[PDB]
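*Asks:*
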Amino acid sequence: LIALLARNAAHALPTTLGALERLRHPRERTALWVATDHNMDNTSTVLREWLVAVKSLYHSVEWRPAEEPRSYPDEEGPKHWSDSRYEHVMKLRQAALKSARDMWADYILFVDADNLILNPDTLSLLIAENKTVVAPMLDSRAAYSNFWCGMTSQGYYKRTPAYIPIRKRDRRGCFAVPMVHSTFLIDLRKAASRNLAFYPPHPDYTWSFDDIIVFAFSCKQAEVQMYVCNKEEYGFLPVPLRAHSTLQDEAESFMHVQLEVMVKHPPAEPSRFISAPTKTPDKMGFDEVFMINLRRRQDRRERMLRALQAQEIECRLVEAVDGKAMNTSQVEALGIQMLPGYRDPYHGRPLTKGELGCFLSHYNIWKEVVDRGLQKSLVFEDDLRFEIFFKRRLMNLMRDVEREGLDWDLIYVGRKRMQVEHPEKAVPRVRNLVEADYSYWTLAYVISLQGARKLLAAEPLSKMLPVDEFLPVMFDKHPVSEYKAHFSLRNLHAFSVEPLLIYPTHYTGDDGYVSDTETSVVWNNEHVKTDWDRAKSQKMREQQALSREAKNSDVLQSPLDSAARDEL
Amino acid sequence: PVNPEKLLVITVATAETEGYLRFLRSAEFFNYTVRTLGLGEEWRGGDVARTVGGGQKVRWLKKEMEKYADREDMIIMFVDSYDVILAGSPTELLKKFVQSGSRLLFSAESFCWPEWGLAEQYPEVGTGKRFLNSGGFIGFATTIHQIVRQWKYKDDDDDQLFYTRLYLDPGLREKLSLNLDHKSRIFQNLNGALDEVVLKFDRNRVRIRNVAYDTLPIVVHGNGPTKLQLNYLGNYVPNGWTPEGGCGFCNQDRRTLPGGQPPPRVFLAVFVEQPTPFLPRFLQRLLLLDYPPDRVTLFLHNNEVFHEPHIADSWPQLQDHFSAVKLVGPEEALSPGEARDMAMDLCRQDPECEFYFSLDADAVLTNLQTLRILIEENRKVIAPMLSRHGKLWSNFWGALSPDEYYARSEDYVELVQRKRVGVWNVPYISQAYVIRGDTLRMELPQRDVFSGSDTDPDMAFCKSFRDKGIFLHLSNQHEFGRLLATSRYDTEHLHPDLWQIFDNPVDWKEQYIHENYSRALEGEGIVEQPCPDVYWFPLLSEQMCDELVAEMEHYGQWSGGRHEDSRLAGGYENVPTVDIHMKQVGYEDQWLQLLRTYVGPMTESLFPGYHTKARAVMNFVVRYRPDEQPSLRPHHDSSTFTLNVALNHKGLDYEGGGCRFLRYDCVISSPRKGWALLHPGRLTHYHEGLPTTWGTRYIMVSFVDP
Amino acid sequence: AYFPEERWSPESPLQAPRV
Ligand SMILES: O=c1ccn([C@@H]2O[C@H](COP(=O)(O)OP(=O)(O)O)[C@@H](O)[C@H]2O)c(=O)[nH]1
Ligand SMILES: *[C@@H]1O[C@H](CO)[C@@H](O)[C@H](O)[C@H]1NC(C)=O
Ligand SMILES: O=C(O)CCC(=O)C(=O)O
Ligand SMILES: [Fe+2]
Ligand SMILES: [Mn+2]
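Protein chains in written order, with the UniProt record's numbering: chain R, 55 to 622; chain S, 33 to 738; chain D, 36 to 54.
#1: Can you give me, in chain order, the residues of the region 38-50 of chain D that have a beta carbon less than 8 Å from any beta carbon in chain R?
#2: Tell whether a beta-carbon distance below 8 Å holds between residue 591/R and residue 563/R.
#3: Would a check of beta-carbon distances place residue 206/R closer than 8 Å to chain S?
#4: For residue 507/S, which of helix, strand or coil comes out of DSSP?
#5: Could you tell me which chain S residues have their CB closer than 7 Å to the CB of residue 214/R, listed as they occur along the chain?
#6: Report buried or exposed for residue 390/R, applying the criterion of at least 16 other Cβ atoms within 10 angstroms of its Cβ.
#7: When you compare only the Cα positions, how much space is there between residue 582/S and residue 305/S?
#8: I'd like to confirm the pairing. Which residues does DSSP put opposite residue 567/R in its beta bridges?
#9: Given residue 373/S, which residues of its chain have a CB within under 8 Å of its CB, disregarding the five upstream and five downstream residues?
#10: Residues of chain R with a CB under 9 Å from the CB of residue 621/S: which are they?
#11: Could you work out which residues of chain D lie near residue 285/R, taking near to mean beta carbons separated by less than 9 Å?
#12: For residue 270/R, count neighbouring Cβ atoms within 10 angstroms of its own Cβ and tell me buried if that reaches 16, exposed if not.
#13: Kindly give me the distance between the Cβ atoms of residue 411/R and residue 445/R, rounded to whole angstroms, as I take these residues to be in contact under 8 Å.
#14: Going by CA-CA distance only, name the one from 471/R, 398/R, 350/R, 134/R that's closest to residue 301/R.
#15: Could you give the residue range of the alpha helix (DSSP H) that holds residue 277/R?
#16: Which residues, in chain order, sit with a beta-carbon under 6 Å away from any heavy atom of ligand 2?
#17: Measure the alpha-carbon distance for residue 398/S versus residue 427/S and round it to whole angstroms.
#18: Check the Cβ of residue 227/S against every Cβ in chain R and list those closer than 7 Å, keeping chain order.
#19: Any beta carbon of chain D sitting closer than 8 Å to that of residue 277/R?
#20: Taking beta-carbon pairs under 7 Å, can you tell me which members of the region 321-333 of chain S lie near chain R?
#21: Below 8 Å on C-beta distance, what does residue 392/S contact in chain R?
#22: With 7 Å as the C-beta to C-beta threshold (strictly closer), list the residues of the region 240-268 of chain R near chain D in chain order.
#23: Examine the Cβ distances between the region 477-495 of chain R and the region 418-431 of chain R and report whether three or more of them are shorter than 8 Å.
#24: Residues in the same chain with beta-carbon distance under 8 Å from residue 690/S, minus the five sequence neighbours each way, listed in chain order, please.
#25: What's the gap between the Cα of residue 548/R and the Cα of residue 580/R?
#26: My guess is that residue 294/S and residue 324/S are in contact by the Cβ rule of under 8 Å, so how many angstroms apart are they, rounded?
#27: Only counting the same chain, and skipping five residues up and downstream in sequence, which positions put a Cβ closer than 7 Å to that of residue 599/S?
#28: In whole angstroms, what separates the C-alpha of residue 185/R from that of residue 192/R?
#29: Determine whether the beta carbon atoms of residue 705/S and residue 678/S lie at a separation below 8 Å.
#30: Could you tell me whether the Cβ atoms of residue 173/S and residue 109/S are closer together than 8 Å?
#31: On the DSSP letters alone, give me the boundaries of the beta strand (DSSP E) that residue 242/S sits inside.
#32: For residue 235/S, does the count of other Cβ atoms within 10 angstroms reach 16, so buried, or fall short, so exposed?
#33: Would you list, in sequence order, the uninterrupted alpha helix (DSSP H) runs of no fewer than 4 residues that lie entirely inside the region 49-74 of chain S?
#34: Decide if the region 134-150 of chain R is in contact with the region 58-66 of chain R; the criterion is three or more beta carbon pairs, one per stretch, under 8 Å apart.
#35: Are the region 78-85 of chain R and the region 100-112 of chain R in contact at 8 Å, needing three or more beta carbon pairs?
#36: Give the interface partners of residue 265/S over in chain D, defined as CB-CB distance under 8 Å, in chain order.
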């Protein structure tokens, strides 16, 4: 009897309904006890449509719609969980338990609206352990999950020495826990399960009056150790929001969760019975949205297009010249000449065909931006990991930069901080903005018309090298002075943002690490093709090495970039 | 398939303390083969863990191995004997040692205790600990002989730095295959790894688990400033208390007072202070304990002049009873620390007292067999388990904060409400304990234990008794009593005990409420019905009546009698009486509490189907005197039913009559001193009072539900 | 509050069938 308890959940209802319908169990041996209350949105109609549509498969169904009223009287806001809200939630949960007991129904999975059971074997694998209350490990974009590791003094989360070793899937096998939120399966088969109570707190309870601990006291005081297993992946859940946020932030978090699900898995198809409220795209306040794509690889392009559609951002898709397939006859015609005495600073190779193709694509994009008179533009790659609330944060940062007034030409949106040192300088009256430094993996950069004009005036057509190496040289921050001496101008004014809005989709030496931009034929000849750098990965990930006294604390943080609860 | 007979355990203990006995029990539980060395020899070292030491152990073992200098086949393992308790069977230990495959394994530690310079010389370890600790080691006899034959130093020299210097040499380390258990597979040191251990229960045994590494150790060495936590852990692992079979080492080791000899001489003591209510009851209870009065030697140190008359009244029964009796009055100006110190000296310097048993002021031992069961326990120290009524405040603690102040353990709430039963190691006890006299004589020779510092005497006493290494047991097998509460106690009354109805309900009910009342409540007769709808049940005892009339005559102001009134809101009484209301005395609220708690159940049982919240507005006491005022005219009461309780005995103090109901031709002629009358007073029952003839009578009247 | 426990209880017997 997979019941639920939702309130204003239409932002992600279509995918959750399909995921629930995707369960591989006998539909003639299932049920539902769905209900809604204090829902200010139109979730009631969406739920009713699916309930009517799927009313034939389920052996039974019930509903107690409570759309009136849409909010609590003494409520601070939409995200405020006060005493009245907690009491109502406890009463609803206990009523669900009582209704689950009157139907001689074995097992009950009270999964909330926010959760999304992505895997198909949830109710098939979970019930195979013969447990009292078995819970599934719901992962997320961060540490926070549905498996606490121990209560310290008054139900507060205590960081046990195994939470990190557990959430990282280091060990597989059911291990007992002091609390299990969200996805519970309170099997009513066992005899001892006849004493669990939710609404009326036990007389021997002295902890707080929250709704996520009253079940723990009843579980412990009845000798039913709530095990929890993470043997196989189950799904994903959204991190909780702050106490003063709005439903739009929750919708953005759900969209980010969907995108993260699509990062390494097939996209979560929504329900067929219910419709889909598609949104209109925009340009996020920018003038152009560049996108460098490879003709041969299309799955990454399709994923990027789907992410842009989900982000409600229109894209000005572009193409790139295949450097690997390019020959000398066309290469020499463009006047592209390698830099004098230049080679790989990590391996020793002079250059690569893929590097030449990427440089040509970047030069063509810059020329198009200059010719179009584009004041600002965004250029990206075929594999990136967008951050939560990326659109709003980027728009706010761009608006603040434009309103304050500064010579911003090479603001860094994504970079690998190879400059292992103290915090960089902070420009005055700038929020989350700092002076850029030497960095690699510059797949994303928000450039301006002045910066493009300066780059065109540099005219490095006779000096070909990687873009990641030329950019630090252009900002007068290259380590080697030989490249600067070869160069002529250093008028570029670069900048960086501490809250990076992108990360590589796959790290070096990881699963699906097809280094097409790295593994390519040499600029000269065709029998020199360096394979993927196994031993000398070098540019694996600029996160572990930066886990030191990097400071970067004086940078003014934006109102965004805040989530999680007592759990992370 | 290593045979268990090839393992020998070697430990050192100069004296015999409770820790060595605990390790003995732990070793014999799994049927080990332990050899002890240095039993009775003088400790030629010094401070055990303050700065350095342990140079006698190495010389002792160097003398020891010479009998096994060539014996390759068996395997030898050395460990402390004061702060180590085994947990696993020998088979698991030998299997783990075979799995490791090295010639010598040492316990890994968090820090570098002796020296800090050589830290970088250690080989790198991924996640486990890196340094070496000399707490214990396992290896072949040939290997240990070869490694420790080179010792030639003073007996006061340190040991861990020597082992570190030996191990740090790489060539011999490769040659002798020195290895460290970095992942805590065999040895687990609690010092610095306090948060990575959790007890894992079972049916008939207990074990510990390291959640960091997911392993079950065999040997735990709670070194450093972690003696307390291993003392705590020793309560369960490995046979302490399992869910199936009750506790473990609790019921054996009993004297049972055989032989018919006079019981061992006991030095009772009392330290009345912070004036405790119900004191005279406590003194009179001091006579009924189950012990021969010739073998008890009281020592009563009072500290308040307010209690002087009570002790004065109590004294000649005490002097007539016990073999020896003494007193130290309020005039000597002695601090409680001095009093406890001189009592401890007085018994300590008398070779006749075998058991100094302290007993603070507010600890009512409702059980009268406490001394018998405690002496039968023969524990070095012991204390009965008590608790405040209807709370968690007990007379002990579970674990200590770094400030040496009250922390809260994980089993404290279980121990207070008696969900587990046995004898529990505890780091602080108070307000009752039985000390074995020998521990006074040659274990506590110094006098200044309660004084000598700014700390309170009890905590300081426990601190002093702790470092000396003597365990402090606590038993909760039976019910022993309950602690009173002296948070506030006013004394500006003739009997300030009457206001204690809120603070200590059980003892208040025991002293004041009539003894027969409960039996009348449960329904075995007693209640009389002289006339229909009129009931007679006993409510109050003589103490309450006499103290109430004493208080009222202390007030003395016998207002009332005129047909008008100022206390009444209307200002026109239906009929006036010479009365004293309870609002002016300040005793109205306690009267309402008594009405709510001790009357309501009675009336709800007597008149079934009625529910009453026991609200009263008018209530007073009336005196009938043949000259002041006569009995009342026929009238009716402005309430549903009324309470009529007498306060003095007819005949011996007054002669008269009771009430007279017109509609039933009913006469009450023999009102009882401590009984209550229940009758409706609005419509049906027209009543009048009979007139007094000689003497003086007092009557307490209340109106309930008007 | 040191060394928290893992109080272990076995699985209860299965409940009686309906009729
Ligand atoms: O009066 C004495 C004489 C000797 N020992 C011995 O000292 C050894 C080490 O003491 P502890 O275990 O207290 O050592 P730490 O590891 O705390 O230095 C114990 O095993 C005892 O055998 C002792 O504790 N007290
Ligand atoms: C209590 O009732 C018993 C009944 O047998 C009686 O003997 C005893 O005297 C009563 N106690 C009193 C009146 O204090
Ligand atoms: O005994 C009497 O005189 C009557 C007492 C009485 O009923 C009252 O005082 O209300
Ligand atoms: Fe009356
Ligand atoms: Mn030790």
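For every residue, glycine included, the Cβ atom is placed at its ideal position computed from N, Cα and C.
*Replies:* Reading from the atomic positions:
#1: 39, 41, 42, 43, 44, 46, 47, 48, 49, 50
#2: yes
#3: no
#4: strand
#5: 243
#6: buried
#7: 27 Å
#8: Paired residues: none, contrary to the question.
#9: 479, 480, 481, 482, 483
#10: Within chain R, no residue comes near residue 621/S; the closest Cβ sits about 28 Å away, beyond 9 Å.
#11: Those within 9 Å of residue 285/R in chain D number zero; the least Cβ separation is about 19 Å.
#12: buried
#13: Rounded, the Cβ-Cβ distance is 30 Å, inconsistent with contact.
#14: 134/R
#15: Here residue 277/R belongs to no alpha helix (DSSP H), and DSSP marks it neither H nor E.
#16: 547/S, 548/S
#17: 16 Å
#18: 215
#19: yes
#20: none
#21: Here the premise fails: no neighbours, minimum Cβ distance about 29 Å.
#22: 243, 244, 245, 246
#23: no
#24: 699, 700, 701, 702, 703, 721, 722
#25: 37 Å
#26: 7 Å
#27: 613
#28: 18 Å
#29: yes
#30: no
#31: 239-242
#32: exposed
#33: 50-61
#34: yes
#35: yes
#36: 38
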